[PDB]
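> Structure incoming, see below.
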There are 2 protein chains.
Amino acid sequence: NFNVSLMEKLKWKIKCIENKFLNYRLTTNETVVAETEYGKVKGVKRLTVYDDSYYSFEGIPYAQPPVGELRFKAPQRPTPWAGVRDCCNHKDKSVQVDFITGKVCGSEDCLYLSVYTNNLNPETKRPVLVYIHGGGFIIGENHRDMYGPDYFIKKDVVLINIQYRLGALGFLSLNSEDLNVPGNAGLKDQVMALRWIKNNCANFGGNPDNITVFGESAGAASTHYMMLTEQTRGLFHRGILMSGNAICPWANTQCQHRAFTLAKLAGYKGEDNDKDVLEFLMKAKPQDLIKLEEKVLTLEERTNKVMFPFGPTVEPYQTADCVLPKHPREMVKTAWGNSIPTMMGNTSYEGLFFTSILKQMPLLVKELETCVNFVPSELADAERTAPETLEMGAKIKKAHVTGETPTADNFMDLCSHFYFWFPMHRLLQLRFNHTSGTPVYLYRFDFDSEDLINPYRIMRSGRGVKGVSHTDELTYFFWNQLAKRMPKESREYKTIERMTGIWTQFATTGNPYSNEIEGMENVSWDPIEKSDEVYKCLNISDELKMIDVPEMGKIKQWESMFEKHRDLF
Amino acid sequence: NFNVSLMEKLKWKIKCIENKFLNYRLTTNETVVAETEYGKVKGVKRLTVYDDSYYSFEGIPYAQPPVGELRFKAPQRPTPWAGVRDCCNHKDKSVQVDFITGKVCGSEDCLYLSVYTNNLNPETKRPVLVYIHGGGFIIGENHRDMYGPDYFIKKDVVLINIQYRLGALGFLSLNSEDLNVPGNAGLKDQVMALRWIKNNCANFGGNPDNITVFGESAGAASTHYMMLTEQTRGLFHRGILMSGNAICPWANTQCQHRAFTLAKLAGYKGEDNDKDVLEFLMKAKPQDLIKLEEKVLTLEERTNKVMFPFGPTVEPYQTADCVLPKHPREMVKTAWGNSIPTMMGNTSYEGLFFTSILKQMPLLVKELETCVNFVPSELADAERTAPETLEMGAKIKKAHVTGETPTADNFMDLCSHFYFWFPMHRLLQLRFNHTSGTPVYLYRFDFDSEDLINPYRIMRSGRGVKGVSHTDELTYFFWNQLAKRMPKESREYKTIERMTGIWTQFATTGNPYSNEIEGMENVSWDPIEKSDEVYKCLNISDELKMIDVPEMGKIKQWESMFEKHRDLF
């Protein structure tokens with residue numbers, strides 16, 4: 001139910017127009033060819049508004065276009081071309097509802113990756129940074145107007161921005177084994193992209209034995225799944241989980257009966273058997289299926305906090321390309337990615353994301369009178385009325401409800417733990433108590449600014465809203481069409497250098513610490529220990545500071561829910 | 001002889017690593033137990049890249065481990081066992097020089113067979129296919145990283161792959177009857193395994209009354225030998241000879257004196273005496289015997305084109321287990337196997353195999369000045385300088401030297417005929433003049449691809465070479481670690497379907513034709529009849545066509561050497 005001011009839409013439209021002109025003025029007459037395993041690609045040198053330069057390769061295919069017969073199926077190897085492929089322009093994004101215009105946009109032909117570097121023949125093979133975009137497995141792209149590499153190319157890395165399939169086209173799951181639609185096609189897209197990166201990044205000056213995958217939100221859950229699944233074993237070497245992981249409630253779902261339901265909304269007209277539902281969905285118009293996803297969830301599922309109709313899932317039977325054979329919790333216990341350096345973190349006010357949704361639908365704070373809807377499904381009964389479940393809601397009410405009446409602030413603070421802090425805590429402990437995993441570095445993004453923004457602020461109508469929301473940190477990692485040239489001495493600019501500098505440092509060494517990052521002199525950044533009772537993290541504000549996590553107290557309160565059921569923690 | 005580059009060896013090494021984890025990814029949690037006359041055996045359900053499943057039993061002993069006193073001796077019945085024997089992994093290959101790493105690997109403990117089928121409980125008693133691997137009788141195995149059943153298990157058949165003893169450990173031959181080392185130990189393993197199969201294939205859903213033995217190259221000569229020996233009279237019902245047969249000149253050898261020569265290279269010591277030479281080789285380290293067998297052949301012998309020092313031999317005295325009491329061509333006249341449906345074939349450029357050898361040894365092409373060294377030993381004088389043999393060599397030369405000076409390509413053309421096509425001619429004709437044996441169906445594999453390969457291409461440094469070498473057809477019968485999933489529409493996948501379908505068709509009925517097979521509409525595939533002056537063959541490339549053998553003209557030029565010796569032909 002995300003709505004955007006009609007003026008903001010006009011203002012966004014004029015920005016799209018203006019961004020086309022800027023993009024041209026930063027394009028150079030310098031093109032260049034790189035080799036790949038499937039053939040030659042042609043890129044272009046581009047400039048930044050800071051007058052840095054980099055080589056851009058966009059729309060490199062890592063898989064066959066998943067159309068016709070390939071709809072809902074695992075991606076297959078792309079086919080080699082002779083000659084030279086023009087990669088001087090972006091290709092289209094995955095079919096999705098545009099988060100601003102509310103229109104359906106994109107294309108089924110979306111399996112592409114983009115490669116950026118400041119030097120195509122460096123004296124050393126560079127760290128490779130792979131970004132998986134977020135958007136709830138329902139939106140997002142690798143377009144430079146949302147995820148410009150302009151900041152990262154100040155640093156000596158190869159940066160790669162991937163696409164993957166989204167929504168029902170990415171994540172439709174059917175139980176029938178005859179059909180070859182187990183689910184997670186968009187996740188298997190990512191695996192194949194990652195595989196391409198390992199086999200080809202050297203051709204762009206990157207070190208295949210030094211690959212970092214990071215992502216934010218659904219991109220972080222994606223990164224984690226890429227660290228869990230046996231498909232990607234040993235393929236990368238560092239992982240960064242930005243505001244998300246694979247055991248977040250929103251990060252997965254058993255969507256196997258939602259396909260008959262999607263077919264129905266599209267004009268089916270047949271029986272609830274997987275075979276005929278797939279037959280019909282295989283003829284449906286892509287844009288129409290995507291249009292109707294928002295109505296697939298029943299009020300009961302929405303009330304039980306199911307976020308999306310289609311997403312990552314436990315696959316109902318084994319296949320060769322199976323990415324998620326068991327529950328994420330179970331896969332953690334056996335995860336190869338436990339063995340690699342890991343950095344995690346969240347913004348300092350994640351739930352602030354829901355500010356204008358609560359304005360649209362104010363009858364939501366009443367869900368805090370009893371916090372029954374936010375009790376983890378493991379503990380909550382079917383009807384969610386049993387005294388054990390009320391007793392536990394009460395534990396959450398105590399942690400978040402500030403007065404005698406629950407408010408907007410309480411709800412948004414509760415969401416920060418429900419969607420982010422608590423799952424990350426659980427992952428940290430489960431990681432210690434069932435695996436020998438390499439300790440994790442924690443950060444906390446707490447830098448607020450209204451002077452430089454990204455387009456997610458528009459989507460949630462968060463302009464002028466003070467506080468550091470889910471999504472706010474991407475502004476200091478990526479150029480976007482709403483960004484601007486900042487004075488070299490300003491607050492926002494130094495955060496860019498810090499964030500990009502810390503991620504680069506972590507991608508290089510496995511340790512985010514550097515004394516060459518201004519503000520980070522005198523910082524003692526320790527990884528989290530099994531023994532630790534309170535986590536310590538680098539709080540990223542105007543100054544960099546090692547505080548212990550302020551959310552700890554409340555995280556401990558959420559943990560008490562599991563007092564009697566200590567094995568499900 | 002065959003050398004592999006460091007670059008290719010490194011790539012092979014990492015391919016082995018990757019294959020191991022792909023093997024785990026392709027492994028189900030489904031195990032099954034089957035009966036044997038020796039005890040119960042545990043197997044596993046395994047997936048395929050195309051997402052087919054099959055039940056896999058590896059490491060079923062059909063004989064006693066030929067160690068200690070059993071070395072060089074005929075194989076002995078295995079010992080029965082109580083409970084469930086585990087057959088979820090491959091056993092060792094026969095002691096061997098690795099055809100890529102150049103290092104000795106494998107073990108004396110190698111008398112095992114594997115059994116694969118998509119169904120333990122089929123509706124019919126299925127055709128049983130029994131593949132005998134090639135490798136000149138010195139290399140080879142039944143591991144699925146070289147001979148993967150993944151393609152055949154698409155068909156409703158039982159597929160079985162045997163191991164047998166290689167090199168000196170399987171083919172030592174000594175004249176003295178007291179010592180009981182007559183020769184053909186490895187072929188005796190083959191008899192043993194076949195008997196196990198007759199007696200046990202019904203336990204896996206096979207038809208004891210419908211068994212096909214097929215082998216490529218030395219496995220083809222092995223297959224022929226099994227069709228020739230009284231030891232196996234009755235056991236099986238079809239035979240397919242792929243690039244070779246028992247009257248090929250590399251396919252047998254009188255190796256009796258060479259046990260001394262090997263024993264000498266290894267340290268011995270005493271006199272040219274079958275008793276003492278044997279005592280030494282018995283105490284000797286198996287890996288030392290195999291490493292040195294490369295040095296056993298004199299210059300004399302390999303000039304005369306003796307290719308292997310140890311191999312199938314005419315046994316000097318009769319034993320209960322004797323496989324070969326006479327010369328192969330005399331055994332053809334008596335062979336039980338002449339009455340069973342037979343398929344024979346060759347590739348369209350078998351000699352292209354020696355390509356790297358000629359690059360390594362350009363001096364080799366000088367043997368084509370006279371061609372004296374390629375003259376059938378039947379026809380040639382000892383030192384190969386007599387007027388009559390210069391004239392016979394002159395007839396070989398006219399057939400193959402295209403220009404005026406002999407090139408590498410004339411050498412390879414010649415090799416196609418000397419090793420394969422001519423012996424095949426001679427076999428068909430021998431079966432006509434001296435037997436009322438069955439009309440043989442002939443095929444020609446003529447499909448070239450660089451998109452899908454097998455390890456032998458690595459071995460023969462054939463990565464870049466255009467044309468269809470000896471060994472190239474196996475890529476379309478067996479999965480291997482260098483293989484990948486192909487698209488259903490691709491020219492390679494379609495070949496796999498055809499090859500596998502034709503083999504399965506011929507295994508079922510004894511006629512290789514079916515209109516079920518995609519490229520086999522409008523093909524009248526008749527077998528070769530006594531009256532045919534020009535052979536007719538199914539040619540397999542992108543299309544499937546009945547033609548006359550393109551090599552027929554040169555075959556008849558080879559035959560003209562016997563003009564004055566019609567009796568020896």
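Quick note on naming: the chains in the structure tokens go A, B, ... in the order shown, residues restart at 1 in each chain, and ligands are numbered from 1 in order of appearance.
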Can you tell me, as an MDAnalysis selection string, what residues are no more than 6 Å from residue 26 (chain A) when counting only C-alpha atoms, ignoring any on the same chain fewer than 2 positions away?
chainID A and resid 23:24 46:47
> Kindly export the residues of the current selection with C-alpha atoms, as a short mmCIF file (atom, residue, chain, number, x, y, z; two decimals), in the first residue's frame.

data_model
loop_
_atom_site.label_atom_id
_atom_site.label_comp_id
_atom_site.auth_asym_id
_atom_site.auth_seq_id
_atom_site.Cartn_x
_atom_site.Cartn_y
_atom_site.Cartn_z
CA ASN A 23 24.34 10.70 -18.09
CA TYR A 24 25.24 11.87 -21.60
CA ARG A 46 32.44 7.32 -17.94
CA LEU A 47 33.05 10.30 -15.65
#
> Compile the contact shell of residue 426 (chain A) as a list in words: residues with an atom at most 8 Å away, counting only C-alpha atoms, same-chain residues fewer than 4 positions apart removed.
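Final neighbour list, sorted by chain and number: residues 422, 430 and 569 of chain A.
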> Hey, can you check how far CA of residue 332 (chain A) sits from CA of residue 300 (chain A)?
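Straight-line distance from CA of residue 332 (chain A) to CA of residue 300 (chain A) works out to 29.4 Å.
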> Residues of chain B within 12 Å of chain A: nearest atom pair and distance (Å, one decimal) for each, counting only C-alpha atoms, sorted by chain and number, as a tab-separated table?

residue	atom	partner	partner_atom	distance
B:17	CA	A:234	CA	11.4
B:18	CA	A:233	CA	9.8
B:20	CA	A:233	CA	12.0
B:21	CA	A:230	CA	8.5
B:22	CA	A:231	CA	8.5
B:23	CA	A:320	CA	10.0
B:24	CA	A:230	CA	9.2
B:25	CA	A:320	CA	6.7
B:26	CA	A:320	CA	5.9
B:27	CA	A:320	CA	8.9
B:28	CA	A:318	CA	7.5
B:29	CA	A:318	CA	9.6
B:30	CA	A:318	CA	11.0
B:45	CA	A:318	CA	11.4
B:46	CA	A:320	CA	9.8
B:47	CA	A:320	CA	6.6
B:48	CA	A:320	CA	6.7
B:49	CA	A:320	CA	5.7
B:50	CA	A:320	CA	7.6
B:51	CA	A:319	CA	6.0
B:52	CA	A:319	CA	8.9
B:53	CA	A:319	CA	9.5
B:451	CA	A:80	CA	10.5
B:484	CA	A:77	CA	9.9
B:485	CA	A:76	CA	8.7
B:486	CA	A:77	CA	8.7
B:487	CA	A:76	CA	8.2
B:488	CA	A:76	CA	11.3
B:490	CA	A:79	CA	10.6
> Under the rule that only C-alpha atoms are counted, which of B:166, B:499, B:281, B:88 is the nearest residue to residue 151 (chain B)?
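Looking only at the distances to residue 151 (chain B), the closest residue turns out to be B:499.
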> Would you mind writing down, as a ChimeraX atom specification, each residue of region 79-316 of chain B that DSSP on the backbone assigns to strand (DSSP E or B)?
/B:84-86,94,96-97,104-105,107,112-117,126-132,148,158-162,206-216,238-242
> From a DSSP pass on the backbone, collect the residues of region 164-393 of chain B flagged as helix (DSSP H, G or I) and hand them back as an MDAnalysis selection string.
chainID B and resid 167:171 185:204 218:228 230:232 258:265 274:283 286:295 299:303 328:332 336:339 350:360 362:369 372:374 387:393
> If you count only C-alpha atoms, which residues fall within 12 Å of residue 197 (chain A), apart from same-chain ones fewer than 5 positions away, as a PyMOL selection string?
chain A and resi 36-37+60-62+112-115+128-131+158-162+190-192+202-213+232+235-236
> Write a file of the selected residues as a PDB file, in the first residue's frame, keeping C-alpha atoms.

ATOM      1  CA  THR A  36      34.459 -13.204 -21.536  1.00  0.00           C
ATOM      2  CA  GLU A  37      33.883 -16.981 -21.661  1.00  0.00           C
ATOM      3  CA  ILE A  60      26.298  -8.661 -19.759  1.00  0.00           C
ATOM      4  CA  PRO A  61      24.159 -11.851 -19.996  1.00  0.00           C
ATOM      5  CA  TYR A  62      24.899 -14.528 -17.383  1.00  0.00           C
ATOM      6  CA  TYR A 112      22.176  -9.358 -16.718  1.00  0.00           C
ATOM      7  CA  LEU A 113      25.156  -8.214 -14.712  1.00  0.00           C
ATOM      8  CA  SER A 114      27.081  -4.910 -14.826  1.00  0.00           C
ATOM      9  CA  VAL A 115      30.868  -4.498 -14.274  1.00  0.00           C
ATOM     10  CA  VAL A 128      35.778  -7.959  -6.354  1.00  0.00           C
ATOM     11  CA  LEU A 129      32.656  -6.525  -4.748  1.00  0.00           C
ATOM     12  CA  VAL A 130      29.326  -8.055  -5.812  1.00  0.00           C
ATOM     13  CA  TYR A 131      26.164  -6.178  -4.954  1.00  0.00           C
ATOM     14  CA  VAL A 158      36.019  -4.219  -9.361  1.00  0.00           C
ATOM     15  CA  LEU A 159      32.382  -3.586  -8.547  1.00  0.00           C
ATOM     16  CA  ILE A 160      29.697  -5.830 -10.043  1.00  0.00           C
ATOM     17  CA  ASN A 161      25.939  -5.135  -9.795  1.00  0.00           C
ATOM     18  CA  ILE A 162      23.675  -8.113 -10.575  1.00  0.00           C
ATOM     19  CA  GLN A 190      22.110 -15.236  -8.365  1.00  0.00           C
ATOM     20  CA  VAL A 191      24.073 -18.534  -8.122  1.00  0.00           C
ATOM     21  CA  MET A 192      24.640 -18.475 -11.861  1.00  0.00           C
ATOM     22  CA  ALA A 202      39.929 -11.640 -13.919  1.00  0.00           C
ATOM     23  CA  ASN A 203      39.182 -10.408 -17.441  1.00  0.00           C
ATOM     24  CA  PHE A 204      38.293  -7.105 -15.785  1.00  0.00           C
ATOM     25  CA  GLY A 205      41.295  -7.058 -13.453  1.00  0.00           C
ATOM     26  CA  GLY A 206      39.572  -8.735 -10.493  1.00  0.00           C
ATOM     27  CA  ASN A 207      40.951 -11.397  -8.139  1.00  0.00           C
ATOM     28  CA  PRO A 208      38.724 -14.547  -8.252  1.00  0.00           C
ATOM     29  CA  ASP A 209      40.231 -15.671  -4.922  1.00  0.00           C
ATOM     30  CA  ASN A 210      39.095 -12.405  -3.328  1.00  0.00           C
ATOM     31  CA  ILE A 211      35.358 -11.972  -3.870  1.00  0.00           C
ATOM     32  CA  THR A 212      33.011 -10.180  -1.511  1.00  0.00           C
ATOM     33  CA  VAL A 213      29.241 -10.398  -1.791  1.00  0.00           C
ATOM     34  CA  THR A 232      27.889 -21.577  -4.074  1.00  0.00           C
ATOM     35  CA  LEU A 235      32.830 -19.258  -4.572  1.00  0.00           C
ATOM     36  CA  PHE A 236      33.355 -16.102  -2.514  1.00  0.00           C
TER      37      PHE A 236
END
> Which residues, written as a VMD selection string, have at least one atom at most 10 Å from residue 517 (chain A), with only C-alpha atoms counted and residues fewer than 2 positions away on the same chain left out?
chain A and resid 494 497 to 499 501 to 502 505 513 to 515 519 to 521
> By how many Å are CA of residue 152 (chain A) and CA of residue 94 (chain A) apart?
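Spanning CA of residue 152 (chain A) to CA of residue 94 (chain A) is a straight-line distance of 24.5 Å.
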> Between CA of residue 453 (chain B) and CA of residue 99 (chain B), what is the distance in Å, rounded to a tenth?
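For CA of residue 453 (chain B) relative to CA of residue 99 (chain B), the distance reads 15.8 Å.
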> Quick one: residues within 6 Å of residue 546 (chain A), only C-alpha atoms counted, chain neighbours fewer than 4 positions away excluded, as number ranges by chain?
A: 537-539
> Take the residues from that selection and put them in a file with N, CA and C atoms, as an mmCIF file, in the first residue's frame.

data_model
loop_
_atom_site.group_PDB
_atom_site.id
_atom_site.type_symbol
_atom_site.label_atom_id
_atom_site.label_comp_id
_atom_site.auth_asym_id
_atom_site.auth_seq_id
_atom_site.Cartn_x
_atom_site.Cartn_y
_atom_site.Cartn_z
ATOM 1 N N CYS A 537 29.629 -2.658 18.674
ATOM 2 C CA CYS A 537 29.589 -2.360 17.255
ATOM 3 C C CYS A 537 30.165 -0.984 16.995
ATOM 4 N N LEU A 538 30.620 -0.770 15.766
ATOM 5 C CA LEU A 538 31.030 0.554 15.340
ATOM 6 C C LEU A 538 29.777 1.362 15.012
ATOM 7 N N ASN A 539 29.460 2.333 15.871
ATOM 8 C CA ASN A 539 28.379 3.272 15.613
ATOM 9 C C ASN A 539 28.875 4.324 14.641
#
> Taking 6 positions as the minimum chain separation for residues in the same chain, which residues sit within 7 Å of region 171-178 of chain A when counting only C-alpha atoms? Answer as a list in words.
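My reading of the contact set: residues 72, 184, 185, 186, 255, 256, 259, 274, 310, 311, 312, 316 and 317 of chain A.
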> Pick the closest to residue 65 (chain A) from A:227, A:335, A:110, A:379: which is it, counting only C-alpha atoms?
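Closest candidate: A:110.
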> Residue 437 (chain B): which residues within 10 Å, counting only C-alpha atoms, same-chain residues fewer than 4 positions away excluded, as a PyMOL selection string?
chain B and resi 332-333+335-342+428+430-433
> Those residues with N, CA, C and O atoms, as a short mmCIF file (atom, residue, chain, number, x, y, z; two decimals), in the first residue's frame please?

data_model
loop_
_atom_site.label_atom_id
_atom_site.label_comp_id
_atom_site.auth_asym_id
_atom_site.auth_seq_id
_atom_site.Cartn_x
_atom_site.Cartn_y
_atom_site.Cartn_z
N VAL B 332 37.23 -67.36 -34.68
CA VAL B 332 36.04 -66.79 -35.34
C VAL B 332 35.26 -67.92 -36.02
O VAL B 332 34.03 -67.93 -36.00
N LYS B 333 35.97 -68.88 -36.60
CA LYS B 333 35.34 -69.96 -37.36
C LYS B 333 34.45 -70.85 -36.50
O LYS B 333 33.50 -71.47 -37.00
N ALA B 335 33.18 -69.73 -33.33
CA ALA B 335 32.59 -68.88 -32.31
C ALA B 335 31.07 -69.00 -32.13
O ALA B 335 30.32 -68.77 -33.08
N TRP B 336 30.64 -69.32 -30.91
CA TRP B 336 29.22 -69.26 -30.55
C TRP B 336 28.60 -67.91 -30.86
O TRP B 336 27.43 -67.82 -31.25
N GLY B 337 29.40 -66.86 -30.70
CA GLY B 337 28.94 -65.48 -30.92
C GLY B 337 28.58 -65.08 -32.34
O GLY B 337 27.99 -64.03 -32.55
N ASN B 338 28.91 -65.91 -33.33
CA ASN B 338 28.56 -65.59 -34.72
C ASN B 338 27.06 -65.65 -34.99
O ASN B 338 26.59 -65.12 -36.00
N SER B 339 26.32 -66.27 -34.07
CA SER B 339 24.88 -66.50 -34.23
C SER B 339 24.01 -65.47 -33.50
O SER B 339 22.78 -65.56 -33.54
N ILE B 340 24.65 -64.50 -32.84
CA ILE B 340 23.91 -63.42 -32.15
C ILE B 340 24.00 -62.11 -32.95
O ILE B 340 25.03 -61.85 -33.59
N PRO B 341 22.93 -61.28 -32.93
CA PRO B 341 22.95 -59.98 -33.61
C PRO B 341 24.17 -59.13 -33.21
O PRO B 341 24.47 -59.01 -32.01
N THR B 342 24.85 -58.57 -34.21
CA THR B 342 26.10 -57.83 -34.03
C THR B 342 26.03 -56.46 -34.69
O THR B 342 25.51 -56.31 -35.79
N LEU B 428 34.45 -59.09 -41.29
CA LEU B 428 33.23 -59.35 -42.05
C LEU B 428 33.42 -60.47 -43.06
O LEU B 428 32.61 -61.41 -43.12
N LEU B 430 35.88 -62.82 -43.29
CA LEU B 430 36.12 -64.07 -42.58
C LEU B 430 34.80 -64.71 -42.10
O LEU B 430 34.63 -65.93 -42.19
N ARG B 431 33.88 -63.89 -41.61
CA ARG B 431 32.58 -64.40 -41.17
C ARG B 431 31.70 -64.88 -42.33
O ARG B 431 30.74 -65.61 -42.12
N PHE B 432 32.05 -64.48 -43.55
CA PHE B 432 31.29 -64.87 -44.74
C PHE B 432 31.80 -66.16 -45.39
O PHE B 432 31.01 -67.05 -45.70
N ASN B 433 33.11 -66.23 -45.60
CA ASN B 433 33.74 -67.35 -46.27
C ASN B 433 33.73 -68.63 -45.43
O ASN B 433 33.74 -69.73 -45.97
#
